[PDB]
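Given next, in structure tokens, is a single chain: the form deposited in one PDB entry.
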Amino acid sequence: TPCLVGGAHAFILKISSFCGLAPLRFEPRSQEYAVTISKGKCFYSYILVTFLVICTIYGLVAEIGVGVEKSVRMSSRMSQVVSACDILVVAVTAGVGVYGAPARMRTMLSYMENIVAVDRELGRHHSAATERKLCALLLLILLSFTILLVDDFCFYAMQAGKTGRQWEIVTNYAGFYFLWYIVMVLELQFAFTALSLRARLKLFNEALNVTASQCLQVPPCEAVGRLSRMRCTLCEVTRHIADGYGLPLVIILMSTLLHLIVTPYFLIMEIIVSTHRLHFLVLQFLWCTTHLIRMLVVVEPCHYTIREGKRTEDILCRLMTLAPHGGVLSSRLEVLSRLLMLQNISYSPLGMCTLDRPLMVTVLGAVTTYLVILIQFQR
């Protein structure tokens, strides 16, 4: 019983495999891809992430020990704790992403066999078309992030080359940007998994709307029960996704919080002390935009899933109003109403957050408060 997969989870799964976030074999059997746990590639992922974290920590220690005057990035005693936190938070995020990738892939393989059964009753062509449309956004975001990483690395290398520390700065911050790449790939992987589930739930909503209200290929009485079972399976898959990614999700959220606190602090420091390096200002603005984009990538698929659940409730209420009174197609909708009341399809990472648009407002308020706190502490 191989776990066939294709479309979105055929390209980003290979990218994550290359960067160590998806230790899966990729047998080319059939048109789709048969994925399975690849013990031996998990060891490679662990070795890669451990080497990157060790190199990043050693480079951070060397950059702290080289001195405030000599360092080009840490040109202040206060601009050493913030940069150290910046480095360590992405190190922790990449570690959580890789140290836990085998378990996440095991859960993914577990719910593959259920989501394929769900797709068979809806049409795999629609899911394949929707998943192939997310590859363009995947490539665009990955290319933008990689270009920003390369530009930042080159800028700092040329700045350190003036004082004859270009190779030292390259050695110290080589693994930092690889950890950035790993973190971004993990975020995109979660986002596209959630978007695939959202596409499945949208297909479920369309089927519930068009079949339960009289194109049909089935009586609506049996159709409502089939859709109820399908929604239970979809809720199971949503819970598995939320459980697998919960720790990476909370770590990514706190990393975005810390980064939206730190980067504006650096921009303000530059515009108040130097106003000299326009490249630094451009990079700081790009990094603030990138952190906002990361937050959006994390929170938007979950909000869309919640909106699709609300649409499910809307469709079900309309169907119950249009349903014949006291007929067979009135107790089948009662069971679905009880299901909708008992269960909501939402992403709660580790039970702390809710992963919705209201979470963005709270994080932005905390960012503003901690930013003004740092500004007061600097002065």
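Start at 1 and count along the sequence shown; that's the residue number. We call the rigid core whatever largest set of C-alpha positions still superposes within 1.5 Å between the two forms.
- In this entry, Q214 is separated from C215 by 10 or more residues of the deposited sequence that have no coordinates.
In what follows, reference is made to the form deposited in another entry, a form of this protein that is not presented.
- Taking the core as reference between this form and the one not shown, the lone member of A157, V250, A128, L137 whose Cα moves by 2 Å or more is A128.
- Here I272 counts as shifted, since its C-alpha moves by at least 2 Å between this form and the one not shown after the core is aligned.
- Once you line up the core between this form and the one not shown, the Cα of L359 stays within less than 2 Å of where it was.
- With a cut-off of 2 Å and the rigid core superposed, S30 has a Cα displacement that reaches or exceeds the cut-off between this form and the one not shown.
- Figure legend: C-alpha atoms of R231 and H125, shown here, are separated by at least 3 angstroms less in the other entry.
- Distance between the C-alpha atoms of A129 and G246: longer in the other entry than here (change of 3 Å or more).
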